[PDB]
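1. Below: the sequence, then the experimentally determined structure.
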Amino acid sequence: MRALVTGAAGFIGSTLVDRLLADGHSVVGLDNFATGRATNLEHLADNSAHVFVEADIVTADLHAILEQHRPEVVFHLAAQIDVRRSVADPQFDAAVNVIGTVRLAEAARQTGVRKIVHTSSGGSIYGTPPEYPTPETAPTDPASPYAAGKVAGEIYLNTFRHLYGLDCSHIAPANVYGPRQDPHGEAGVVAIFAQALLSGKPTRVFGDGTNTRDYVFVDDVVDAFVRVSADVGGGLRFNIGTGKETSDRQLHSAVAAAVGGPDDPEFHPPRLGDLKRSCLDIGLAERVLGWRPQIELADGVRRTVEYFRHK
Amino acid sequence: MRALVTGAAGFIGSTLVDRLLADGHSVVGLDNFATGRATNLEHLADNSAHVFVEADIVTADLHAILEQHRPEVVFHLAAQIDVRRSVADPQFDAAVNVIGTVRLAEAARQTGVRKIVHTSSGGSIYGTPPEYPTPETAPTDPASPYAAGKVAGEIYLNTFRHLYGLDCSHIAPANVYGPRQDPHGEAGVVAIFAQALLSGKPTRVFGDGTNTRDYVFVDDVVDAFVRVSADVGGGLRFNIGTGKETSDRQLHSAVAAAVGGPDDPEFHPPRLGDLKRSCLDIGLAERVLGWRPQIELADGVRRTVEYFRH
Ligand SMILES: NC(=O)c1ccc[n+]([C@@H]2O[C@H](COP(=O)([O-])OP(=O)(O)OC[C@H]3O[C@@H](n4cnc5c(N)ncnc54)[C@H](O)[C@@H]3O)[C@@H](O)[C@H]2O)c1
Ligand SMILES: NC(=O)c1ccc[n+]([C@@H]2O[C@H](COP(=O)([O-])OP(=O)(O)OC[C@H]3O[C@@H](n4cnc5c(N)ncnc54)[C@H](O)[C@@H]3O)[C@@H](O)[C@H]2O)c1
Ligand SMILES: O=c1ccn([C@@H]2O[C@H](COP(=O)(O)OP(=O)(O)O[C@H]3O[C@H](CO)[C@@H](O)[C@H](O)[C@H]3O)[C@@H](O)[C@H]2O)c(=O)[nH]1
Ligand SMILES: O=c1ccn([C@@H]2O[C@H](COP(=O)(O)OP(=O)(O)O[C@H]3O[C@H](CO)[C@H](O)[C@H](O)[C@H]3O)[C@@H](O)[C@H]2O)c(=O)[nH]1
């Protein structure tokens, strides 16, 4: 297939580019380096099956770009990803995550694209549901601008599906970790902990440290993107996670053991916008896509911590 | 109360301003005249309780405006309102209806505003629903960018409620009609029919004329806004309509009968983005708010026709 990946210079995006190329596809990458890194794509410099376009999804001529490259599937990973930043500047977050998605959809419906695979946020969109693990049937109840924008993006794509028959599916990951996650980023606890503990710098945990997330390895998430890119799951969201809960304190201990030093984090006040509990029911992904996560947290952290020691 | 009305120079907005003033409130009206008209507010030139601010919700310093006027309730009616326009330019529609709403909420949460009363689209947000009349419990399923942006606005305000305790309710009207509706465009069928038939100018229906809408009179809609402005229905949507379906053809006949003379509309191709049926269950608004529509279509059509005559 001809594929285009927005957010291609990022953590998940660059990993997806690699997989798509390995699968024999031609891949156009698109990014504006808001949070992405040149080093994530530097290995592809001489791969003729890959072309890179520097573009801001908010302002670029996406019509022209998509007309030029004629992708069959657009994998949409470009976003403002920081929940705290979304609270600090909700307009900016909405511009990238809602307006950017709308512009992409409008471009795609005119340029013969078959399908857009959106990236939602399984970890945040449900707020505090009564069910854990949380199924896709649970109503959305976003508690941060970031989460709201992700839901809004799903809804807009569903709208374009009705209007033009432009197919869409929403990959809604839990908390994704692994090689290439920015260690210096404001988000990405697994990367943050590793970077700090390996440097021997202070680590922090928020609240009492009982807040919980569902940790899924990047390779598993990438596989879900591939599976959903076919003619399937139209207008549907798929939770992509493990369905297992790990508290902030538990995670710190799991990374501290992997480093092999002290397990003594500081305790800081709760962060406005952050949920207390997150865990995804992944049954739908199994039934419909035949997708299951292969990597358990212990194995995953092991692959991750050893990536960071080489850097 | 100190009220602020976005979209105050518009059809529903100007009507709401009048009601709030009649109820003894102070009102700040805000508009950029995208589709509104100064003539809708010109009768207030010497009204000592309304002040007008010309501002674009997408680009203006809303923080500064709210800081100066310190409204307790913001009635948010400023929006791109045309469904076909939203299809032609979804980015622009999303900028006004989503980004504009987000900017307003971000300003409001910093400036001591108690509550934002949002205007959603009861008529369109459910798309093709499971049942008619449609209750608020039906899932949203927008099939035009306009409808999608209205849903997104609701969700964003709900988020600000969680974050900051900035209260919100979503007034979700069906098809609103009455005096001051602009008759010169492609939206606002009652006004379009009324002015054209009075002038002896051509009229049209789309497709086979069987599309239905739920036609609710502007004065009734305004009443719902006032009721929901209190500490009631936080985070909730209220369908505001009649729960009765009228076809395009039937409506044309009603307006033609009121005007007198021919009932012979042209037939044009169907419009992409337009739903085939719309009808709202209004039970929630009755129980919670004590709201009921008073004006039946026949009466409403007469009042509308008379506005356009004079
Ligand atoms: N990492 C997680 O735990 C997680 C979980 C669920 C959802 N997601 C979603 O996955 C996607 C990828 O996130 P990630 O973890 O790889 O983060 P990342 O920051 O590494 O990747 C995001 C990429 O988007 C690019 N981008 C941002 N704004 C852009 C714009 N206006 N125009 C063009 N490119 C732009 C950035 O430069 C970056 O390369 C995002 O949509 C994110 O919301 C991430
Ligand atoms: N008329 C209906 O059938 C109906 C029913 C459901 C929802 N609504 C909603 O009711 C509200 C009022 O619509 P209406 O029927 O009075 O139409 P209208 O066009 O008369 O009113 C909308 C007003 O918003 C103003 N506006 C638009 N963009 C703006 C911007 N960027 N900054 C500031 N002001 C801006 C316009 O100038 C206008 O005065 C809208 O939110 C609309 O979506 C209308
Ligand atoms: O010249 C015309 C114009 C319209 N119609 C018909 O009238 C109906 C209503 O159309 P229109 O007046 O354009 O309104 P809608 O597109 O239904 O949307 C209106 O009502 C919505 C709520 O249902 C609001 O959200 C929108 O802001 C408002 O524009 C449709 O069935 C049209 O086919 C005609 O027959 N002839
Ligand atoms: O130094 C830190 C940083 C984080 N955490 C905890 O680790 C968990 C995860 O926090 P992250 O900032 O890593 O991620 P979020 O849960 O905030 O996830 C959000 O940010 C991600 C970006 O990596 C994705 O965009 C995702 O969709 C979005 O919900 C939280 O419970 C947080 O309290 C710590 O204990 N210490």
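-> Received, thanks. Residues are numbered from 1 along each chain as shown, chains lettered A, B, ... in the order given. Ligands and ions are numbered 1, 2, ... in the order given.

2. Tell me which stretches of the stretch 1-150 of chain A form helices.
-> A:11-22, A:62-69, A:83-88, A:90-94, A:100-108, A:145-164 (DSSP state H, counting those that start in this stretch).

3. I figured residue A:269 was touching residue A:208, is that so?
-> No - with contacts counted by Cβ atoms under 8 Å, residue A:269 stays clear of residue A:208, the gap being 10.6 Å. Every C-beta, even on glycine, is put in place using the N, C-alpha and C of the backbone.

4. more neighbours, the two?
-> residue A:208 (11 against 7; other Cβ atoms under 10 Å in any protein chain shown).

5. Surely that one and residue A:267 touch.
-> Yes - if you go by Cβ under 8 Å, residue A:208 and residue A:267 touch, sitting 7.1 Å apart.

6. quick one, what contacts the closest residue to ligand 2 within the stretch 51-200 of chain A?
-> Residue of the stretch 51-200 of chain A nearest ligand 2, by Cβ to the nearest ligand atom: residue A:91 (13.7 Å). By Cβ atoms under 8 Å, 6 or more residues apart in numbering or on different chains, the residues touching residue A:91 are B:99, B:102, B:103, B:106.

7. Please identify the residues of the stretch 201-311 of chain A in proximity to ligand 4?
-> A:204, A:205, A:206, A:211, A:213, A:248, A:274 (Cβ under 6 Å from any ligand atom).

8. The closest residue to the last one other than its chain neighbours and ligand 1, how far apart?
-> Okay, so that is residue A:274. Spatial nearest neighbour of residue A:274, chain neighbours left out: residue A:83 (6.5 Å); criterion: Cβ to Cβ, 6 or more residues apart in numbering or on different chains. Separation of residue A:83 from ligand 1 (Cβ to the nearest ligand atom, to the nearest Å) stands at 10 Å.

9. And for residue A:199?
-> According to Cβ to the nearest ligand atom, residue A:199 stands 21 Å off from ligand 1.

10. If you tally nearby residues, what's the number for that residue?
-> Residue A:199 has 10 nearby residues by other Cβ under 10 Å.

11. which residues of the stretch 201-311 of chain A fall in strands?
-> Using DSSP state E, counting those that start in this stretch, the strands of the stretch 201-311 of chain A run over A:204-206, A:212-213, A:215-217, A:236-240, A:246-247, A:266-268.

12. Which single one of the contacts of residue A:91 is nearest to ligand 4?
-> The closest of the contacts of residue A:91, once distances to ligand 4 are taken by Cβ to the nearest ligand atom, is residue B:102, at 18.2 Å.

13. Would you pull up the residue in the stretch 1-150 of chain A closest to ligand 3?
-> Closest point on the stretch 1-150 of chain A to ligand 3, by Cβ to the nearest ligand atom, is residue A:102, at 18.4 Å.

14. interface residues of the stretch 51-200 of chain A facing chain B?
-> A:87, A:90-91, A:94-95, A:98-99, A:102-103, A:105-106, A:127, A:140-145, A:147-148, A:151-152, A:155-156, A:158-159, A:162-163 (Cβ under 8 Å from any Cβ of the partner chain).

15. circling back to that earlier point, run a quick check on the residue nearest to residue A:274 versus residue A:123, I expect a contact.
-> No - shown here, residue A:83 and residue A:123 do not form a contact pair, counting by Cβ under 8 Å, at 9.5 Å.

16. got the phi/psi numbers for the closest residue to residue A:122 other than its chain neighbours?
-> Excluding its sequence neighbours, the residue lying closest to residue A:122 (Cβ to Cβ, 6+ apart) is residue A:172, at 3.5 Å. Dihedral pair for residue A:172: phi -120, psi 90, per degrees, to the nearest 10.

17. again, but for the one 10 residues further on
-> When quoted as degrees, to the nearest 10, the phi and psi of residue A:182 stand at phi -60, psi 120.

18. Quick check: it touching residue A:191?
-> Yes - at 6.3 Å, residue A:182 and residue A:191 qualify as touching, with contact defined as Cβ under 8 Å.

19. Now the common contact residues for those two.
-> Joint contacts of residue A:182 and residue A:191 (Cβ under 8 Å, 6+ apart) do not exist.

20. who's more crowded, these two?
-> residue A:191 (23 against 18).

21. which residues does the nearest residue to that one once chain neighbours are set aside contact?
-> Excluding the flanking residues, the one nearest residue A:191 by Cβ to Cβ, 6+ apart is residue A:181, at 4.1 Å. Counting by Cβ under 8 Å, 6+ apart, residue A:181 touches A:11, A:188, A:190, A:191, A:218, A:304.

22. my read: the residue nearest to residue A:122 touches residue A:126, true?
-> No - the criterion here is Cβ under 8 Å, and residue A:172 misses it with residue A:126 at 9.2 Å.

23. Residue A:36 and residue A:9 touch, don't they?
-> Yes - between residue A:36 and residue A:9 a contact is recorded at 3.0 Å, counting by Cβ under 8 Å.

24. More neighbours: which of these two?
-> residue A:9 (27 against 21).

25. quick one: contacts for that one?
-> Residue A:9 touches A:29, A:31, A:33, A:36, A:37, A:38, A:40, A:41, A:52, counting by Cβ under 8 Å, 6+ apart.

26. Go again with 6 Å.
-> A:31, A:33, A:36, A:40, A:41 (Cβ atoms under 6 Å, 6 or more residues apart in numbering or on different chains).

27. which of those residues has the most neighbours?
-> Neighbour max across the contacts of residue A:9 (other Cβ under 10 Å) = residue A:31, 27 neighbours.

28. now that residue: how far from ligand 1?
-> 5 Å.

29. do the same with residue A:258
-> For residue A:258, the distance to ligand 1 - Cβ to the nearest ligand atom - is 19 Å.

30. for residue A:151, same thing?
-> Counting by Cβ to the nearest ligand atom, the gap from residue A:151 to ligand 1 is 12 Å.

31. go on, residue A:33?
-> 5 Å.

32. okay, now residue A:164: neighbour count?
-> 16.

33. what sits against it?
-> residue A:109.

34. Repeat that for the one 3 residues further on.
-> The neighbourhood of residue A:167, defined by Cβ under 6 Å, 6+ apart, consists of A:115, A:234.

35. Go again with 10 Å.
-> Contact partners of residue A:167, counting by Cβ atoms under 10 Å, 6 or more residues apart in numbering or on different chains, are A:73, A:113-117, A:157, A:160-161, A:229-235.

36. residue contacts, residue A:187?
-> So residue A:187 contacts A:35, A:81, A:82, A:83, A:84, A:85, A:146, A:175, A:181 (Cβ under 10 Å, 6+ apart).

37. For those residues, pick the one with the most neighbours.
-> residue A:146 leads the contacts of residue A:187 on contacts (other Cβ under 10 Å) with 27 neighbours.
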